[PDB]
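So the structure is just underneath, and the comments pick up after that.
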Amino acid sequence: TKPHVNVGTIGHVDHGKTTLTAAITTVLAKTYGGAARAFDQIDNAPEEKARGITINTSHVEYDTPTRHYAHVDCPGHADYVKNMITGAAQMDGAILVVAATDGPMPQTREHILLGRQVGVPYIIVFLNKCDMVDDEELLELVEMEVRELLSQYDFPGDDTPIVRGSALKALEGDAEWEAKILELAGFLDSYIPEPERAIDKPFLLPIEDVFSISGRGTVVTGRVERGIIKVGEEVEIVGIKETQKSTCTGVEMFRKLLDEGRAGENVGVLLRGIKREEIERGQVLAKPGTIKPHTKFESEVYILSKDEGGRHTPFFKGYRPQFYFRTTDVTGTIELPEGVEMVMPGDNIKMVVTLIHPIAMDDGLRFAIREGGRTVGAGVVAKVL
Ligand SMILES: Nc1nc2c(ncn2[C@@H]2O[C@H](COP(=O)(O)OP(=O)(O)O)[C@@H](O)[C@H]2O)c(=O)[nH]1
Ligand SMILES: CCCn1nnnc1NC(=O)c1cccc(Cl)c1
Ligand SMILES: [Mg+2]
């Protein structure tokens with residue numbers, strides 16, 4: 001029906017993220033329709049687990065006239081680290097809450113940095129607790145600080161919408177402040193562009209399996225992540241070895257022959273001129289020249305704690321774990337940031353990885369870190385090298 005957008009509140013503890021979330025649901029419900037949620041519901045964050053990693057996360061939903069929002073909110077800075085690196089949803093945009101009284105604080109900076117590292121494309125600022133501040137000059141100063149901070153991490157500080165509001169007053173029914181929640185909603189609508197639907201993006205299919213079908217040749221199977229592959233189209237085979245070219249000479253689903261395969265569908269793609277031996281675990285079919293193989297990259301990683309089922313001991317420079325991208329492990333070596341000799345269970349670090357075989361990747365690609373099958377960490381490619 002409507003574009004689905006992933007958003008969430010970020011910023012320092014006690015600046016009013018949870019209150020703002022409650023106020024957004026409430027104000028949009030009574031204006032546009034929906035179900036209002038209350039501070040104490042959202043504040044009481046349920047614990048969720050995905051492959052060992054425990055995160056206290058609250059999920060709410062709200063609607064504007066044109067868009068539907070899945071909105072994430074977390075109690076602790078520890079959860080934001082985990083959620084941003086390894087969480088289910090990747091954010092299309094974040095709302096940075098900064099309390100007008102305090103101004104920018106350490107976690108304000110950390111979340112902006114993390115935002116950049118994990119590829120959070122857009123940030124909008126809600127300048128909160130403006131009911132506690134009457135001197136307009138001070139609001140301007142706090143705003144300028146935030147704009148500066150955002151620019152430091154390559155966000156367009158000068159151009160980022162900043163809304164002067166009060167989450168509490170708006171949650172309590174003050175129409176004058178509820179108007180500011182609506183201004184924020186407008187910026188979500190207007191400033192975060194409509195998310196590209198997978199079908200519209202360049203074709204990509206991670207290869208899960210391979211067969212030689214009698215009287216046709218080599219078929220590669222998987223789910224179409226993005227785009228459309230049609231019979232006759234050229235495709236590249238990227239990863240593990242030098243990229244290969246071929247033509248799609250068929251798309252099968254179960255027993256039905258199709259002229260194309262679309263994002264979301266599990267299909268078998270027949271490849272002209274390609275042997276079964278020329279297909280390796282970890283490769284993707286891609287629209288020619290739309291995704292490149294890389295061996296070395298910069299990453300933000302979270303290392304599982306003892307409790308989460310991770311390592312007991314810490315690792316050092318000479319650590320060579322399995323890096324799980326899409327379908328398969330690939331061994332790699334690491335380089336740690338200056339003045340770091342060690343990494344403990346539960347730490348998160350910037351980490352430069354060098355893979356032994358290349359993998360098709362762009363910035364934003366998620367991965368797990370494994371030791372003989374068992375997940376010991378998780379991460380996201382921050383910059384390809
Ligand atoms: N005066 C005022 N207080 C607020 C506002 N928003 C939140 N608070 C208060 O700040 C405290 C922390 O808010 P909370 O939403 O829990 O912050 P979080 O730690 O970022 O989730 C609570 O006592 C709120 O009532 C506001 O706009 N004005
Ligand atoms: C949870 C699975 C990994 N795991 N779990 N418990 N310990 C480990 N890893 C190691 O012991 C280890 C052994 C030799 C060298 C190094 Cl660098 C690390
Ligand atoms: Mg909170």
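These numbers come from the heavy atoms of this one structure, side chains and all, not from hydrogens, waters or symmetry mates. Just so you know, residue 1 is the first one in the sequence shown, and it goes up from there.
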Open item on the list: Looking at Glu371 and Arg374, is any side-chain nitrogen of the basic one under 4.0 Å from a carboxylate oxygen of the acidic one?
Closed with: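 Salt bridge absent between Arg374 and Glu371.
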TODO: State whether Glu143 and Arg164 are salt-bridged, where the test is any N-O pair (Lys NZ or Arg NE/NH1/NH2 against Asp/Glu carboxylate O) under 4.0 Å.
DONE: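 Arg164 and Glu143: salt-bridged.
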Around atom [atom1] of [X], are there more than 12 heavy atoms from other residues, nucleotides or ligands closer than 6.0 Å?
X	atom1	answer
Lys287	NZ	no
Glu341	CD	no
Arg262	CZ	no
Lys30	NZ	no
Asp259	CG	no
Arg366	CZ	yes
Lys49	NZ	no

List the atom of [X], the atom of [Y], and the distance in Å for their closest heavy-atom pair.
X	Y	result
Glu260	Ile228	OE1-CG2, 3.5 Å
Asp189	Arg67	O-NH2, 3.0 Å
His294	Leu355	O-CD1, 4.2 Å
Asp363	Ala382	CG-O, 3.4 Å
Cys74	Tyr80	N-OH, 3.0 Å
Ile229	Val251	O-CG2, 4.1 Å

Quick one: does [X]'s side chain get under 4.5 Å of [Y]'s, heavy atoms only?
X	Y	answer
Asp92	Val7	no
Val343	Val301	no
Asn6	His4	yes
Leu149	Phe155	no
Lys241	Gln283	yes
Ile240	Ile359	yes
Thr243	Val238	yes
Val27	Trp177	no

Open item on the list: Does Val352 form a side-chain contact (heavy atoms from CB on, under 4.5 Å) with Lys296? I'd like the steps, not just the answer.
Closed with: CA-CA 7 Å; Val352 176; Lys296 195 197 214 169; 4.2 Å; yes
Could you tell me whether a side-chain N or O of [X] sits under 3.5 Å from a main-chain N or O of [Y], the two making a donor and an acceptor?
X	Y	value
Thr26	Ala23	no
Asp79	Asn56	yes
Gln107	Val13	yes
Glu48	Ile55	no
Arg147	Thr160	yes
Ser299	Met351	yes
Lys82	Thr54	yes
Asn128	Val97	no
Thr18	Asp43	no
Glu280	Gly239	no

When hydrophobic residues are tied together by side-chain contacts of less than 4.5 Å, even through go-betweens, does [X] share a cluster with [Y]?
X	Y	value
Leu304	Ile349	no
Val60	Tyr32	yes
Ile303	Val118	no
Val219	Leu271	no
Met84	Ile95	no

Rounded to the nearest 0.5 Å, what separation is found between the [atom1] atom of [X] and the [atom2] atom of [Y]?
X	Y	atom1	atom2	answer
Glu110	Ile10	CD	CD1	12.0 Å
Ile199	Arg226	CD1	CZ	13.5 Å
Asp131	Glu176	CG	CD	11.5 Å
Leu365	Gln90	CG	CD	9.0 Å
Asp209	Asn266	CG	CG	11.5 Å
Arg51	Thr86	CZ	OG1	9.5 Å

Open item on the list: Would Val220 and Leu285 count as a side-chain contact (heavy atoms from CB on, under 4.5 Å) here? Give the steps.
Closed with: CA-CA 9 Å; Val220 295; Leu285 290 189; 3.5 Å; yes
Between [X] and [Y], how do the two ring planes meet: parallel, tilted or perpendicular, split at 30° and 60°?
X	Y	result
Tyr191	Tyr122	perpendicular
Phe325	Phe297	perpendicular
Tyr319	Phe315	parallel

Decide whether [X] and [Y] meet the rule of one side-chain donor and one side-chain acceptor closer than 3.5 Å.
X	Y	value
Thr247	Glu233	no
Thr9	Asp73	yes
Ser212	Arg276	yes

- [ ] May I have the step-by-step check of side-chain contact (heavy atoms from CB on, under 4.5 Å) for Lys350 and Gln117, ending in yes or no?
- [x] CA-CA 9 Å; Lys350 191 171 71 71; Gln117 289 306 95; 4.0 Å; yes
- [ ] Check whether the ring centres of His111 and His77 lie less than 6.0 Å apart, and answer yes or no.
- [x]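 Ring-ring flag for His111/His77: true, centres closer than 6.0 Å.
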TODO: Begin with the C-alpha distance, continue with both residues' side-chain angles, and end with the deciding distance and a verdict on side-chain contact (heavy atoms from CB on, under 4.5 Å) for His15 and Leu20.
DONE: CA-CA 9 Å; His15 282 212; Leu20 178 55; over 6 Å; no
